[PDB]
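Student: Pasting a structure here, questions to come.
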Amino acid sequence: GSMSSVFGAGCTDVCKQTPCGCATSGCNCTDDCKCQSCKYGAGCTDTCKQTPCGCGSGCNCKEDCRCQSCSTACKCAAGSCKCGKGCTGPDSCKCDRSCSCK
Ligand SMILES: [Cd+2]
Ligand SMILES: [Cd+2]
Ligand SMILES: [Cd+2]
Ligand SMILES: [Cd+2]
Ligand SMILES: [Cd+2]
Ligand SMILES: [Cd+2]
Ligand SMILES: [Cd+2]
Ligand SMILES: [Cd+2]
Ligand SMILES: [Cd+2]
């Protein structure tokens, strides 16, 4: 129940590479980047990618995490998701822990 995208809202051509070059040439993408490959390392942990997630109440991520399973519930509610997504809730949120809302 989500958009089938591997990109965010402003990815570089380096992200459009193959393999993804952001892990070689640096990352410069947006907070919506659904690319588990470039933003990894400085955002996640080996406990998050376990699928669904092994973090839960025992997280070991960085901060650039886009998962709402281990990240704490946003204060988004009643139109309080100013990033522009407008999820207004952690369950609807698909942003990261350092986004505009959070
Ligand atoms: Cd990207
Ligand atoms: Cd990428
Ligand atoms: Cd990137
Ligand atoms: Cd994570
Ligand atoms: Cd997680
Ligand atoms: Cd985590
Ligand atoms: Cd949020
Ligand atoms: Cd959101
Ligand atoms: Cd957001």
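The way I read the labels, and the way they are meant: chains A, B, ... in the order of the structure tokens, residue 1 as the first residue of every chain, and ligand 1 as the first ligand shown, with later ones counted on from there.
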Using backbone DSSP assignments, extract all helix (DSSP H, G or I) residues from chain A; output them as JSON, numbers by chain.
Tutor: {"A": [22, 23, 24, 25]}
Student: Output N, CA and C atoms of each residue in that selection to a file, as a PDB file, in the first residue's frame.
Tutor:
```
ATOM      1  N   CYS A  22      26.091   6.666  -5.548  1.00  0.00           N
ATOM      2  CA  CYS A  22      26.126   7.495  -4.331  1.00  0.00           C
ATOM      3  C   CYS A  22      27.001   6.875  -3.248  1.00  0.00           C
ATOM      4  N   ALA A  23      27.264   5.588  -3.372  1.00  0.00           N
ATOM      5  CA  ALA A  23      28.102   4.889  -2.415  1.00  0.00           C
ATOM      6  C   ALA A  23      29.566   4.982  -2.831  1.00  0.00           C
ATOM      7  N   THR A  24      29.795   5.609  -3.966  1.00  0.00           N
ATOM      8  CA  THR A  24      31.108   5.757  -4.509  1.00  0.00           C
ATOM      9  C   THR A  24      31.450   7.243  -4.723  1.00  0.00           C
ATOM     10  N   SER A  25      30.444   8.029  -5.051  1.00  0.00           N
ATOM     11  CA  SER A  25      30.640   9.432  -5.373  1.00  0.00           C
ATOM     12  C   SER A  25      29.928  10.366  -4.394  1.00  0.00           C
TER      13      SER A  25
END
```
Student: For residue 95 in chain A, please output as an MDAnalysis selection string all residues within 8 Å (counting only C-alpha atoms; exclusion window: fewer than 3 positions along the same chain).
Tutor: chainID A and resid 31:32 66:67 99
Student: Go ahead and save the residues from that selection, with N, CA, C and O atoms, as a tab-separated table (two decimals), in the first residue's frame.
Tutor:
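Saved as again28.tsv:
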```
chain	number	residue	atom	x	y	z
A	31	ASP	N	14.90	13.65	1.20
A	31	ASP	CA	14.45	12.89	2.38
A	31	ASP	C	13.38	11.86	2.02
A	31	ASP	O	12.82	11.20	2.90
A	32	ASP	N	13.10	11.71	0.75
A	32	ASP	CA	12.08	10.77	0.30
A	32	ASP	C	12.71	9.61	-0.46
A	32	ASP	O	12.03	8.69	-0.91
A	66	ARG	N	14.34	5.53	7.43
A	66	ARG	CA	13.04	5.84	6.85
A	66	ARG	C	12.00	4.83	7.27
A	66	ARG	O	10.93	4.72	6.67
A	67	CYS	N	12.32	4.09	8.31
A	67	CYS	CA	11.44	3.07	8.81
A	67	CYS	C	10.66	3.59	10.01
A	67	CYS	O	11.23	4.23	10.89
A	99	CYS	N	13.74	14.33	8.87
A	99	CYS	CA	12.95	15.00	7.85
A	99	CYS	C	12.44	16.35	8.37
A	99	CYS	O	12.85	16.81	9.43
```
Student: Could you list, as a list in words, all protein and nucleic acid residues with an atom at most 9 Å from ligand 8, counting only C-alpha atoms and all ligand atoms?
Tutor: residues 74, 76, 80, 81, 82, 83, 84, 85, 86, 87, 88, 89, 90, 91, 92, 93, 94, 95, 96, 99, 100, 101 and 102 of chain A
Student: List every residue of chain A that has an atom at most 12 Å from any atom of ligand 3, and for each one report the closest atom pair and its distance in Å to one decimal, counting only C-alpha atoms and all ligand atoms, with rows sorted by chain and then by increasing residue number, as CSV.
Tutor:
```
residue,atom,partner,partner_atom_place_in_ligand_line,distance
A:6,CA,ligand 3,1 (Cd),10.6
A:7,CA,ligand 3,1 (Cd),8.8
A:8,CA,ligand 3,1 (Cd),9.2
A:9,CA,ligand 3,1 (Cd),11.1
A:10,CA,ligand 3,1 (Cd),9.3
A:11,CA,ligand 3,1 (Cd),6.2
A:12,CA,ligand 3,1 (Cd),6.6
A:13,CA,ligand 3,1 (Cd),8.9
A:14,CA,ligand 3,1 (Cd),7.1
A:15,CA,ligand 3,1 (Cd),5.1
A:16,CA,ligand 3,1 (Cd),8.8
A:17,CA,ligand 3,1 (Cd),10.0
A:19,CA,ligand 3,1 (Cd),11.7
A:20,CA,ligand 3,1 (Cd),7.9
A:21,CA,ligand 3,1 (Cd),7.9
A:22,CA,ligand 3,1 (Cd),4.9
A:23,CA,ligand 3,1 (Cd),7.7
A:24,CA,ligand 3,1 (Cd),10.1
A:25,CA,ligand 3,1 (Cd),9.3
A:26,CA,ligand 3,1 (Cd),7.2
A:27,CA,ligand 3,1 (Cd),4.0
A:28,CA,ligand 3,1 (Cd),5.3
A:29,CA,ligand 3,1 (Cd),4.5
A:30,CA,ligand 3,1 (Cd),7.7
A:31,CA,ligand 3,1 (Cd),9.7
A:32,CA,ligand 3,1 (Cd),10.3
A:33,CA,ligand 3,1 (Cd),7.1
A:34,CA,ligand 3,1 (Cd),9.4
A:35,CA,ligand 3,1 (Cd),7.3
A:36,CA,ligand 3,1 (Cd),9.3
A:37,CA,ligand 3,1 (Cd),8.1
A:38,CA,ligand 3,1 (Cd),4.8
A:39,CA,ligand 3,1 (Cd),5.9
A:40,CA,ligand 3,1 (Cd),9.3
A:41,CA,ligand 3,1 (Cd),11.7
A:42,CA,ligand 3,1 (Cd),11.4
A:43,CA,ligand 3,1 (Cd),11.8
A:64,CA,ligand 3,1 (Cd),11.6
```
Student: What is the atom 1 (Cd, counted along the ligand's line) of ligand 6 to CA of residue 98 in chain A distance in Å?
Tutor: 13.4 Å
Student: Identify, counting only C-alpha atoms and all ligand atoms, the protein, DNA and RNA residues located within 8 Å of ligand 6, and give them as a short mmCIF file (atom, residue, chain, number, x, y, z; two decimals) with N, CA, C and O atoms, in the first residue's frame.
Tutor:
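Result file is out_13.cif:
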```cif
data_model
loop_
_atom_site.label_atom_id
_atom_site.label_comp_id
_atom_site.auth_asym_id
_atom_site.auth_seq_id
_atom_site.Cartn_x
_atom_site.Cartn_y
_atom_site.Cartn_z
N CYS A 44 20.99 3.52 8.71
CA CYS A 44 20.39 2.28 9.16
C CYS A 44 21.36 1.43 9.94
O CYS A 44 22.46 1.87 10.28
N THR A 45 20.94 0.23 10.22
CA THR A 45 21.74 -0.74 10.88
C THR A 45 21.40 -2.11 10.32
O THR A 45 20.37 -2.29 9.65
N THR A 47 20.34 -4.45 11.86
CA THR A 47 19.20 -4.94 12.60
C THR A 47 17.87 -4.46 11.96
O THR A 47 16.82 -5.06 12.18
N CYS A 48 17.93 -3.42 11.15
CA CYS A 48 16.73 -2.87 10.54
C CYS A 48 16.38 -3.61 9.25
O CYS A 48 15.21 -3.92 8.99
N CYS A 53 11.80 -6.08 10.49
CA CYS A 53 12.72 -5.28 11.24
C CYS A 53 13.08 -5.98 12.54
O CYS A 53 12.21 -6.56 13.20
N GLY A 54 14.36 -5.97 12.90
CA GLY A 54 14.77 -6.57 14.14
C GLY A 54 14.98 -5.55 15.23
O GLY A 54 15.16 -5.91 16.40
N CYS A 55 14.99 -4.26 14.87
CA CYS A 55 15.17 -3.20 15.84
C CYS A 55 13.99 -3.16 16.81
O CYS A 55 14.11 -3.58 17.96
N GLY A 56 12.85 -2.69 16.33
CA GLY A 56 11.67 -2.57 17.17
C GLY A 56 11.92 -1.66 18.36
O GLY A 56 12.13 -0.46 18.20
N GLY A 58 14.44 -2.10 20.29
CA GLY A 58 15.87 -2.17 20.51
C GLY A 58 16.61 -1.80 19.25
O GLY A 58 17.21 -2.65 18.59
N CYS A 59 16.56 -0.53 18.91
CA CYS A 59 17.15 -0.03 17.68
C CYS A 59 18.64 0.27 17.82
O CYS A 59 19.14 0.56 18.91
N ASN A 60 19.35 0.17 16.69
CA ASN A 60 20.79 0.44 16.64
C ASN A 60 21.14 1.21 15.38
O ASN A 60 22.27 1.13 14.89
N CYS A 61 20.17 1.94 14.85
CA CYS A 61 20.37 2.70 13.62
C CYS A 61 21.17 3.96 13.83
O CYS A 61 21.69 4.22 14.92
N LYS A 62 21.27 4.75 12.78
CA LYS A 62 22.03 5.96 12.79
C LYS A 62 21.12 7.16 13.05
O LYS A 62 21.02 7.64 14.18
N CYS A 65 17.12 7.05 8.96
CA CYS A 65 16.28 5.87 8.83
C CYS A 65 14.89 6.27 8.37
O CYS A 65 14.32 7.23 8.88
N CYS A 67 12.32 4.09 8.31
CA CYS A 67 11.44 3.07 8.81
C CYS A 67 10.66 3.59 10.01
O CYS A 67 11.23 4.23 10.89
N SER A 69 9.09 1.52 12.01
CA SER A 69 8.98 0.37 12.87
C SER A 69 9.89 0.53 14.08
O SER A 69 9.52 0.14 15.19
N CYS A 70 11.06 1.10 13.88
CA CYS A 70 11.99 1.29 14.97
C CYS A 70 12.07 2.76 15.39
O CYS A 70 12.26 3.07 16.57
N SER A 71 11.90 3.66 14.42
CA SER A 71 11.89 5.08 14.71
C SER A 71 10.71 5.43 15.61
O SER A 71 9.68 4.74 15.58
#
```
